[PDB]
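Colleague: Have a look at this one.
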Amino acid sequence: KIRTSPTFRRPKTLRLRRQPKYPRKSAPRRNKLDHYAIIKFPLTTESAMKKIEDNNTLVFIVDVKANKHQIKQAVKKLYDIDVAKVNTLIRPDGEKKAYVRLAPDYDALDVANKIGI
Amino acid sequence: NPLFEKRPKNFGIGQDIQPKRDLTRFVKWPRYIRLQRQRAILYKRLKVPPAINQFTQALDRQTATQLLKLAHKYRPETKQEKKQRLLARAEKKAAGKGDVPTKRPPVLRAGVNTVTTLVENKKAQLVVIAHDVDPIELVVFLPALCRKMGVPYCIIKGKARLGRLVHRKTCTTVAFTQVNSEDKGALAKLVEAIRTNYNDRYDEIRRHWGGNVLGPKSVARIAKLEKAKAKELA
Amino acid sequence: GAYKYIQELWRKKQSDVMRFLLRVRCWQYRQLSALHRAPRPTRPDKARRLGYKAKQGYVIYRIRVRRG
Amino acid sequence: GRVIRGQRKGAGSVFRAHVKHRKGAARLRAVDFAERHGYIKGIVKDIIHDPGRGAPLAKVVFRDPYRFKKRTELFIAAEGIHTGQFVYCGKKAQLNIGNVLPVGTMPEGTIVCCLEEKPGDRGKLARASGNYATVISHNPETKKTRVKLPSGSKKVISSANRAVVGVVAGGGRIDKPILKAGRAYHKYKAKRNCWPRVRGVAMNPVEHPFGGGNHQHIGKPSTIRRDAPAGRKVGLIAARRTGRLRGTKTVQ
RNA sequence: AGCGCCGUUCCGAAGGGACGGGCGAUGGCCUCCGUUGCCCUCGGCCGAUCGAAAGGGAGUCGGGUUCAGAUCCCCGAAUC
RNA sequence: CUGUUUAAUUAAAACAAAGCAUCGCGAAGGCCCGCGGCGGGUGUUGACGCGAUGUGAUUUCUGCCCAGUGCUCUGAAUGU
RNA sequence: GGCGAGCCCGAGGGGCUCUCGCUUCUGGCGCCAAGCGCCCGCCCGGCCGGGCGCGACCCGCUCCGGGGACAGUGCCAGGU
Ligand SMILES: [Mg+2]
Ligand SMILES: [Mg+2]
Ligand SMILES: [Mg+2]
Ligand SMILES: [Mg+2]
Ligand SMILES: [Mg+2]
Ligand SMILES: [Mg+2]
Ligand SMILES: [Mg+2]
Ligand SMILES: [Mg+2]
Ligand SMILES: [Mg+2]
Ligand SMILES: [Mg+2]
Ligand SMILES: [Mg+2]
Ligand SMILES: [Mg+2]
Ligand SMILES: [Mg+2]
Ligand SMILES: [Mg+2]
Ligand SMILES: [Mg+2]
Ligand SMILES: [Mg+2]
Ligand SMILES: [Mg+2]
Ligand SMILES: [Mg+2]
């Protein structure tokens with residue numbers, strides 16, 4: 001060893017990967033936010049209803065924890081229809097209002113008739 | 001052979017850059033490094049008292065190796081061989097139904113309390129004292145005490161080197177009280193040279209003040225001024 | 001057997017053998033930090049008569065305070 | 001009473017130096033192998049106006065003999081250098097304007113500026129605009145040297161410390177009257193909050209030890225000793241004389 | 001004494017990164033790629049982090065649309 | 001002179017102000033803050049500077065007093 | 001170390017005593033070693049691929065300087 005630099009620093013030493021002897025919360029904390037708990041309501045106001053005919057677009061009320069990718073997955077995994085894109089806003093009462101544009105193949109009127117509204 | 005020129009560099013001041021030199025003496029060491037180095041230099045600068053300058057005056061390497069060849073075979077039993085002697089002695093006494101098959105084990109005592117008791121009651125033949133005891137108050141009574149009680153003592157370098165014969169890290173002291181048949185002449189041969197070194201020269205050693213050694217730069221400066229004094233006189 | 005000699009050598013602490021060790025240790029402890037962990041006591045008997053039995057779990061701190 | 005105007009400077013709430021727009025502290029090279037055993041070349045890149053400083057500030061670039069890299073330092077611009085003049089610094093460096101070199105090389109009568117008190121603190125003495133120290137009376141053994149400071153103090157210093165040769169550029173700066181309040185306002189707005197100095201006579205008795213009373217008069221002797229505590233040292237501070245001057249100063 | 005205070009480089013072993021090379025291991029189409037461990041070489045940090053809905057900061061504009069939106073919805077054309 | 005002030009009674013002859021002087025200090029320093037550490041501020045500064053006062057453009061002038069009261073220098077000079 | 005000058009004896013030589021040295025017209029460029037010399041797997045006396053020392057002197061107890069048993073800090077005492 002011929003120590004060139006005037007500064008003396010630490011040697012890069014060995015740091016162990018953590019390998020515990022027991023799990024520390026007994027279980028995976030289960031996902032409370034699954035697909036039936038993401039999407040609360042469909043919405044039957046007249047302004048939201050007008051978008052169904054005129055824009056091929058559905059309106060839902062979502063809990064505020066869920067983001068746009070999870071809404072885009074949940075609408076597919078419940079209603080078996082594609083998602084063009086998703087706009088969201090926070091409705092000033094407190095919930096999240098999510099507009100979901102469907103694919104051009106599908107029909108918002110048929111999906112409204114088959115979810116009941 | 002065709003092109004293959006020499007391209008020398010010139011490492012003068014004000015031109016082509018310096019290469020990487022050794023830089024051992026100039027690296028900014030951390031705190032504990034500088035502490036132990038200034039600790040050694042502070043021992044060398046100050047006037048150490050004669051009770052503790054006795055250490056750094058110790059037994060040489062050849063006689064230390066001969067003493068260790070003596071003490072290597074008086075090894076106290078560590079856990080495996082103590083377990084072996086206990087279980088095997090219990091098995092043989094349970095088989096042969098004997099009372100006292102164990103004749104005499106001669107073994108060396110260690111530890112400062114176990115040494116000092118034997119030196120007070122005059123059982124010790126030879127006291128081995130380690131050099132490197134960092135609280136020196138743990139030792140500094142022992143040379144004058146062994147001097148009064150007549151037991152010869154030898155200062156040997158390396159307190160870890162006493163640990164490898166006692167199956168432990170630090171040992172600080174080794175007592176010799178009891179010898180075998182063959183080892184008596186070797187032990188007396190050791191005790192003669194040890195009494196020549198330590199005990200009979202105790203009144204000599206007790207008045208030496210060790211250390212008081214100035215820094216070599218300052219010693220070189222005073223010696224250069226002494227040559228200047230020689231230039232003034234002659 | 002020997003802790004009596006330890007205690008008596010530490011007892012008359014103004015003599016010339018001990019005050020050198022005391023001065024070296026004062027410089028040594030001043031150059032370090034304010035609170036740290038010594039691996040082993042520097043007064044073994046005096047720490048032992050306060051309850052230090054050298055086994056697994058008895059820690060020795062060295063600590064520094066300002067006078068006045 | 002209330003705290004006087006003098007004691008608020010120690011707080012540093014609104015009396016710090018307005019230190020944003022400044023470029024850097026004007027230091028010499030930290031002394032190393034080359035400046036003690038030879039000389040090393042340097043280019044001045046430019047000079048700039050260091051704000052709050054009357055001296056112009058030169059930006060001299062150096063070559064670093066250890067790492068393949070150019071280093072940039074900030075010297076006080078000696079009078080008469082210009083962008084493209086080489087600056088030579090080191091022990092045996094030749095003596096011209098701008099060449100910072102130790103005082104042991106220069107003969108007595110040399111007129112320098114921007115020197116070190118103790119060898120290796122990168123310039124303390126004689127740094128203001130238009131000033132110079134003067135080097136006299138070398139002792140060969142026990143390397144010390146007398147210098148005249150711009151006040152008149154004759155100081156003995158070590159001979160291993162370094163100084164740039166010439167005068168600090170920007171002399172004659174006090175030759176123009178500021179002549180209106182606004183330019184003084186811009187000057188002290190560049191430096192620090194110390195303008196509108198109220199006459200400790202004019203201010204009120206809980207605010208200064210002088211003022212108050214029906215007339216604007218002090219009423220106390222205006223020379224106050226140095227053993228006097230804080231808040232008291234107003235007016236003349238331990239004046240060994242007063243009145244209008246006479247002689248030169250003649251203080252030994 | 002103390003909740004703590006001072007302090008922002010000062011009295012600190014304050015980088016867990018990469019280039020190639022070598023030894024070794026694992027896995028995929030074990031062709032050959034992809035990981036991981038060790039070692040060598042290199043690497044000023046003028047210091048964590050915070051601080052601007054007017055400073056710095058890549059990239060969207062036009063037409064139409066509602067009882068309430070608009071450079072966001074639609075139509076069409078672009079760009080990072 | 002321009003400027004500023006007692007917001008909720010004063011706008012001035014007051015205040016500052018450039019100019020004129022005066023004093024401390026060569027960094028182990030001055031003048032300050034701080035309960036504390038050689039902790040801060042002036043200072044990323046160094047006598048054409050920092051700090052503390054007086055007077056108040058220019059023009060012409062700055063007389064006389066060290067008794068009092070301060071301030072300062074000096075010497076174990078010699079009383080306390 | 002003489003490309004050196006010295007101050008001597010001196011036929012060369014001695015080191016008596018040393019001085020330090022490889023950049024001063026110019027807004028350039030400079031790193032990650034050329035060369036040397038040993039050792040390996042590699043081709044019948046050869047070819048390819050690696051390593052180590054000299055280049056860059058050795059030893060030594062503080063990083064280098066400047067102060068220093070003072071200044072400073074703790075307590076006590078007297079002036080202010
Ligand atoms: Mg332990
Ligand atoms: Mg004024
Ligand atoms: Mg005024
Ligand atoms: Mg008033
Ligand atoms: Mg008052
Ligand atoms: Mg009157
Ligand atoms: Mg931010
Ligand atoms: Mg903005
Ligand atoms: Mg439009
Ligand atoms: Mg609107
Ligand atoms: Mg105001
Ligand atoms: Mg009014
Ligand atoms: Mg200061
Ligand atoms: Mg006038
Ligand atoms: Mg008068
Ligand atoms: Mg008098
Ligand atoms: Mg020193
Ligand atoms: Mg001295």
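Chain lettering (A, B, ...) mirrors the order of the structure tokens, residue numbering begins at 1 for each chain separately, and ligand numbering begins at 1 in order of display.
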Hey, list the chain A side of the contact with chain E: 12 Å cut-off, only C-alpha atoms (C1' of nucleotides), answer as a ChimeraX atom specification.
Modeller: /A:1,5-16,46-48,50-51,54-57,86-89,99-101
Colleague: Enumerate, in order of chain and increasing residue number, the residues of chain B with an atom no farther than 8 Å from chain G, each with its shortest atom pair and distance in Å to one decimal, counting only C-alpha atoms (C1' of nucleotides), as CSV.
Modeller:
residue,atom,partner,partner_atom,distance
B:5,CA,G:35,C1',7.2
B:6,CA,G:35,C1',4.9
B:7,CA,G:34,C1',4.6
B:8,CA,G:34,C1',6.4
B:12,CA,G:22,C1',6.8
B:13,CA,G:23,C1',7.2
B:14,CA,G:23,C1',5.0
B:15,CA,G:23,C1',6.1
B:16,CA,G:30,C1',5.9
B:17,CA,G:30,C1',7.4
B:19,CA,G:56,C1',7.1
B:21,CA,G:56,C1',7.5
B:25,CA,G:63,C1',7.8
B:26,CA,G:63,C1',5.5
B:27,CA,G:63,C1',7.4
B:28,CA,G:63,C1',6.8
B:38,CA,G:62,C1',7.0
B:41,CA,G:61,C1',6.1
B:215,CA,G:61,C1',6.5
B:216,CA,G:61,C1',7.1
Colleague: Would you mind exporting C-alpha atoms of the selected residues as an mmCIF file, in the first residue's frame?
Modeller:
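New file out.cif:
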data_model
loop_
_atom_site.group_PDB
_atom_site.id
_atom_site.type_symbol
_atom_site.label_atom_id
_atom_site.label_comp_id
_atom_site.auth_asym_id
_atom_site.auth_seq_id
_atom_site.Cartn_x
_atom_site.Cartn_y
_atom_site.Cartn_z
ATOM 1 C CA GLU B 5 11.627 6.912 -28.971
ATOM 2 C CA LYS B 6 12.356 7.946 -25.423
ATOM 3 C CA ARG B 7 9.896 10.544 -24.142
ATOM 4 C CA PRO B 8 11.377 11.743 -20.854
ATOM 5 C CA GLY B 12 11.152 20.470 -12.179
ATOM 6 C CA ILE B 13 9.251 23.235 -10.431
ATOM 7 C CA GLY B 14 7.103 25.288 -12.781
ATOM 8 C CA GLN B 15 6.749 22.586 -15.435
ATOM 9 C CA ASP B 16 5.261 19.096 -16.025
ATOM 10 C CA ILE B 17 3.107 17.727 -13.215
ATOM 11 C CA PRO B 19 3.928 12.043 -10.031
ATOM 12 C CA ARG B 21 4.849 10.045 -4.361
ATOM 13 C CA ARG B 25 4.359 11.273 6.428
ATOM 14 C CA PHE B 26 1.801 13.872 5.338
ATOM 15 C CA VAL B 27 -1.578 12.137 5.258
ATOM 16 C CA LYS B 28 -4.078 13.714 7.653
ATOM 17 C CA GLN B 38 1.608 11.379 20.218
ATOM 18 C CA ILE B 41 6.180 10.434 21.453
ATOM 19 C CA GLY B 215 12.898 15.417 19.204
ATOM 20 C CA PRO B 216 15.410 14.475 16.511
#
Colleague: What lies within 10 Å of residue 9 in chain D using only C-alpha atoms (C1' of nucleotides), ignoring chain neighbours under 2 positions off, as an MDAnalysis selection string?
Modeller: (chainID D and resid 5:7 11:16 193:194) or (chainID F and resid 31:33 41:42)
Colleague: Take the selection from the previous step and output its residues with C-alpha atoms (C1' of nucleotides), as a PDB file, in the first residue's frame.
Modeller:
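Output saved as again_21.pdb:
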ATOM      1  CA  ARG D   5     -27.009  52.637  19.192  1.00  0.00           C
ATOM      2  CA  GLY D   6     -23.499  51.318  19.776  1.00  0.00           C
ATOM      3  CA  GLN D   7     -24.446  48.053  21.432  1.00  0.00           C
ATOM      4  CA  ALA D  11     -26.450  41.529  17.725  1.00  0.00           C
ATOM      5  CA  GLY D  12     -25.925  41.371  13.987  1.00  0.00           C
ATOM      6  CA  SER D  13     -29.619  41.403  13.136  1.00  0.00           C
ATOM      7  CA  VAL D  14     -29.504  44.419  10.814  1.00  0.00           C
ATOM      8  CA  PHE D  15     -25.800  45.258  10.953  1.00  0.00           C
ATOM      9  CA  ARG D  16     -24.239  42.450   8.939  1.00  0.00           C
ATOM     10  CA  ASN D 193     -26.248  50.070   7.631  1.00  0.00           C
ATOM     11  CA  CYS D 194     -24.289  52.925   9.195  1.00  0.00           C
TER      12      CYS D 194
ATOM     13  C1'   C F  31     -15.802  48.561  19.447  1.00  0.00           C
ATOM     14  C1'   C F  32     -19.808  45.234  20.667  1.00  0.00           C
ATOM     15  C1'   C F  33     -23.286  40.896  21.674  1.00  0.00           C
ATOM     16  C1'   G F  41     -20.665  40.630  14.700  1.00  0.00           C
ATOM     17  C1'   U F  42     -17.806  44.435  12.270  1.00  0.00           C
TER      18        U F  42
END
Colleague: Return as a PDB file with N, CA, C and O atoms (P, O5', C5', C4', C3', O3' and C1' of nucleotides), in the first residue's frame every polymer residue, whether protein, DNA or RNA, with at least one atom no more than 12 Å from an atom of ligand 16; count only C-alpha atoms (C1' of nucleotides) and all ligand atoms.
Modeller:
ATOM      1  P     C F  66      -3.080  78.024  31.658  1.00  0.00           P
ATOM      2  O5'   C F  66      -3.339  76.651  32.402  1.00  0.00           O
ATOM      3  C5'   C F  66      -4.313  76.582  33.431  1.00  0.00           C
ATOM      4  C4'   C F  66      -4.520  75.175  33.925  1.00  0.00           C
ATOM      5  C3'   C F  66      -3.263  74.314  34.028  1.00  0.00           C
ATOM      6  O3'   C F  66      -3.367  73.510  35.197  1.00  0.00           O
ATOM      7  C1'   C F  66      -4.866  73.227  32.702  1.00  0.00           C
ATOM      8  P     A F  67      -2.898  74.113  36.605  1.00  0.00           P
ATOM      9  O5'   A F  67      -4.224  74.698  37.278  1.00  0.00           O
ATOM     10  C5'   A F  67      -4.110  75.479  38.458  1.00  0.00           C
ATOM     11  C4'   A F  67      -5.431  75.854  39.093  1.00  0.00           C
ATOM     12  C3'   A F  67      -6.518  74.803  39.190  1.00  0.00           C
ATOM     13  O3'   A F  67      -6.269  73.828  40.184  1.00  0.00           O
ATOM     14  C1'   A F  67      -7.474  76.887  38.626  1.00  0.00           C
ATOM     15  P     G F  68      -6.789  72.320  39.989  1.00  0.00           P
ATOM     16  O5'   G F  68      -8.374  72.444  39.883  1.00  0.00           O
ATOM     17  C5'   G F  68      -9.173  72.592  41.047  1.00  0.00           C
ATOM     18  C4'   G F  68     -10.648  72.570  40.730  1.00  0.00           C
ATOM     19  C3'   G F  68     -11.204  71.268  40.181  1.00  0.00           C
ATOM     20  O3'   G F  68     -11.470  70.318  41.197  1.00  0.00           O
ATOM     21  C1'   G F  68     -12.030  73.081  38.912  1.00  0.00           C
ATOM     22  P     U F  69     -11.029  68.784  41.017  1.00  0.00           P
ATOM     23  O5'   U F  69     -11.975  68.232  39.862  1.00  0.00           O
ATOM     24  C5'   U F  69     -13.377  68.123  40.047  1.00  0.00           C
ATOM     25  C4'   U F  69     -14.095  68.039  38.726  1.00  0.00           C
ATOM     26  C3'   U F  69     -13.695  66.876  37.836  1.00  0.00           C
ATOM     27  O3'   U F  69     -14.389  65.688  38.165  1.00  0.00           O
ATOM     28  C1'   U F  69     -13.665  68.873  36.576  1.00  0.00           C
ATOM     29  P     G F  70     -13.597  64.410  38.728  1.00  0.00           P
ATOM     30  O5'   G F  70     -13.568  63.408  37.497  1.00  0.00           O
ATOM     31  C5'   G F  70     -12.488  63.426  36.581  1.00  0.00           C
ATOM     32  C4'   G F  70     -12.975  63.498  35.160  1.00  0.00           C
ATOM     33  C3'   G F  70     -12.156  62.714  34.159  1.00  0.00           C
ATOM     34  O3'   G F  70     -12.558  61.361  34.111  1.00  0.00           O
ATOM     35  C1'   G F  70     -12.561  64.893  33.326  1.00  0.00           C
ATOM     36  P     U F  72      -8.089  57.500  30.793  1.00  0.00           P
ATOM     37  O5'   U F  72      -6.692  57.947  30.196  1.00  0.00           O
ATOM     38  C5'   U F  72      -6.466  57.913  28.799  1.00  0.00           C
ATOM     39  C4'   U F  72      -5.248  58.712  28.445  1.00  0.00           C
ATOM     40  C3'   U F  72      -3.964  58.231  29.081  1.00  0.00           C
ATOM     41  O3'   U F  72      -3.368  57.197  28.324  1.00  0.00           O
ATOM     42  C1'   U F  72      -4.160  60.589  29.313  1.00  0.00           C
TER      43        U F  72
END
Colleague: Can you work out which residues are within 12 Å of ligand 15, considering only C-alpha atoms (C1' of nucleotides) and all ligand atoms, and then hand them over as a PyMOL selection string?
Modeller: (chain D and resi 243-244) or (chain F and resi 55+61-65)
Colleague: How would the residues just picked look written out with C-alpha atoms (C1' of nucleotides) as a PDB file, in the first residue's frame?
Modeller:
ATOM      1  CA  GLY D 243      -7.964  69.548  20.292  1.00  0.00           C
ATOM      2  CA  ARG D 244      -6.506  70.437  16.935  1.00  0.00           C
TER       3      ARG D 244
ATOM      4  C1'   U F  55     -19.973  70.960  14.201  1.00  0.00           C
ATOM      5  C1'   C F  61     -12.544  83.614  10.673  1.00  0.00           C
ATOM      6  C1'   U F  62     -11.317  79.547  15.194  1.00  0.00           C
ATOM      7  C1'   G F  63      -9.047  84.664  20.269  1.00  0.00           C
ATOM      8  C1'   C F  64      -7.675  83.995  26.019  1.00  0.00           C
ATOM      9  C1'   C F  65      -7.441  80.040  30.366  1.00  0.00           C
TER      10        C F  65
END
Colleague: I'd like to know which residues of chain A are alpha helix (DSSP H) (by DSSP, run on the backbone); could you write them as a ChimeraX atom specification?
Modeller: /A:35-38,46-55,68-79,108-115
Colleague: Could you dump the residues just selected with N, CA and C atoms as a short mmCIF file (atom, residue, chain, number, x, y, z; two decimals), in the first residue's frame?
Modeller:
data_model
loop_
_atom_site.label_atom_id
_atom_site.label_comp_id
_atom_site.auth_asym_id
_atom_site.auth_seq_id
_atom_site.Cartn_x
_atom_site.Cartn_y
_atom_site.Cartn_z
N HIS A 35 -60.96 -4.21 -6.17
CA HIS A 35 -61.69 -3.65 -7.30
C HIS A 35 -63.12 -3.30 -6.93
N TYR A 36 -63.71 -4.02 -5.98
CA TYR A 36 -65.06 -3.69 -5.57
C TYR A 36 -65.07 -2.54 -4.58
N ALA A 37 -63.91 -2.20 -4.02
CA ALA A 37 -63.85 -1.12 -3.05
C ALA A 37 -63.30 0.15 -3.66
N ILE A 38 -62.77 0.07 -4.88
CA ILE A 38 -62.31 1.28 -5.56
C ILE A 38 -63.49 2.14 -5.98
N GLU A 46 -78.02 14.82 -14.48
CA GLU A 46 -78.35 15.06 -15.88
C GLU A 46 -77.12 15.45 -16.69
N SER A 47 -76.21 16.21 -16.08
CA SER A 47 -75.00 16.61 -16.78
C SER A 47 -74.08 15.42 -17.01
N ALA A 48 -74.01 14.50 -16.05
CA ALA A 48 -73.22 13.30 -16.26
C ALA A 48 -73.91 12.36 -17.24
N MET A 49 -75.24 12.38 -17.25
CA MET A 49 -76.00 11.51 -18.14
C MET A 49 -75.85 11.96 -19.58
N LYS A 50 -75.69 13.27 -19.78
CA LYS A 50 -75.56 13.81 -21.13
C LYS A 50 -74.24 13.38 -21.77
N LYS A 51 -73.20 13.20 -20.95
CA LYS A 51 -71.91 12.76 -21.47
C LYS A 51 -71.96 11.33 -21.97
N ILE A 52 -72.90 10.53 -21.46
CA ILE A 52 -73.00 9.14 -21.86
C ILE A 52 -73.45 9.03 -23.31
N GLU A 53 -74.47 9.80 -23.69
CA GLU A 53 -74.84 9.82 -25.10
C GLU A 53 -73.83 10.58 -25.93
N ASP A 54 -73.45 11.78 -25.52
CA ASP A 54 -72.73 12.67 -26.41
C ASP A 54 -71.24 12.38 -26.51
N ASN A 55 -70.65 11.68 -25.55
CA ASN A 55 -69.20 11.60 -25.51
C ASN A 55 -68.68 10.17 -25.39
N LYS A 68 -55.17 7.04 -11.15
CA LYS A 68 -55.76 6.89 -12.48
C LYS A 68 -55.46 5.52 -13.08
N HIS A 69 -54.27 4.97 -12.83
CA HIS A 69 -53.97 3.63 -13.32
C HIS A 69 -54.82 2.57 -12.64
N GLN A 70 -55.08 2.74 -11.34
CA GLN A 70 -55.90 1.76 -10.64
C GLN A 70 -57.36 1.87 -11.06
N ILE A 71 -57.84 3.08 -11.37
CA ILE A 71 -59.20 3.21 -11.90
C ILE A 71 -59.28 2.57 -13.28
N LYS A 72 -58.25 2.79 -14.11
CA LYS A 72 -58.20 2.24 -15.46
C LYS A 72 -58.14 0.71 -15.44
N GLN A 73 -57.54 0.14 -14.39
CA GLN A 73 -57.55 -1.31 -14.26
C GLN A 73 -58.87 -1.82 -13.69
N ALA A 74 -59.47 -1.07 -12.77
CA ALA A 74 -60.66 -1.55 -12.07
C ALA A 74 -61.87 -1.56 -12.98
N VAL A 75 -61.98 -0.56 -13.86
CA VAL A 75 -63.12 -0.50 -14.77
C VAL A 75 -63.08 -1.67 -15.76
N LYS A 76 -61.88 -2.00 -16.25
CA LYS A 76 -61.73 -3.19 -17.09
C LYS A 76 -62.04 -4.46 -16.31
N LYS A 77 -61.49 -4.60 -15.10
CA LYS A 77 -61.62 -5.87 -14.39
C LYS A 77 -62.98 -6.02 -13.73
N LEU A 78 -63.85 -5.03 -13.84
CA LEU A 78 -65.23 -5.28 -13.44
C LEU A 78 -66.17 -5.37 -14.63
N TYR A 79 -66.01 -4.50 -15.63
CA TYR A 79 -67.04 -4.39 -16.65
C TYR A 79 -66.63 -4.94 -18.01
N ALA A 108 -71.50 3.24 -24.79
CA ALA A 108 -71.81 3.73 -23.45
C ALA A 108 -73.27 3.51 -23.10
N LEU A 109 -74.16 3.55 -24.10
CA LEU A 109 -75.57 3.30 -23.85
C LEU A 109 -75.82 1.84 -23.47
N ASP A 110 -75.13 0.92 -24.13
CA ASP A 110 -75.25 -0.49 -23.78
C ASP A 110 -74.67 -0.76 -22.41
N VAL A 111 -73.53 -0.14 -22.08
CA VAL A 111 -72.92 -0.36 -20.77
C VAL A 111 -73.78 0.26 -19.67
N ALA A 112 -74.44 1.39 -19.97
CA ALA A 112 -75.36 1.99 -19.01
C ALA A 112 -76.58 1.11 -18.79
N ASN A 113 -77.08 0.49 -19.87
CA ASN A 113 -78.22 -0.41 -19.73
C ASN A 113 -77.83 -1.68 -18.99
N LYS A 114 -76.56 -2.07 -19.06
CA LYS A 114 -76.16 -3.33 -18.44
C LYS A 114 -75.62 -3.13 -17.03
N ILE A 115 -75.37 -1.88 -16.63
CA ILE A 115 -75.10 -1.65 -15.21
C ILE A 115 -76.36 -1.14 -14.51
#
Colleague: Would you kindly return, as a PyMOL selection string, each protein, DNA or RNA residue with an atom no farther than 12 Å from any atom of residue 52 in chain G, considering only C-alpha atoms (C1' of nucleotides) and excluding same-chain residues fewer than 4 positions away?
Modeller: chain G and resi 37-40
Colleague: Pick the closest to ligand 11 from F:1, F:58, F:40, F:16: which is it, counting only C-alpha atoms (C1' of nucleotides) and all ligand atoms?
Modeller: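 Using only C-alpha atoms (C1' of nucleotides) and all ligand atoms, the shortest distance to ligand 11 belongs to F:16.
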Colleague: By how many Å are CA of residue 44 in chain C and CA of residue 24 in chain C apart?
Modeller: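 Distance reported for this atom pair: 18.0 Å.
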Colleague: For a quick test of understanding: name the residues of chain G lying within 10 Å of chain C when counting only C-alpha atoms (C1' of nucleotides), and present them as a VMD selection string.
Modeller: chain G and resid 73 to 75
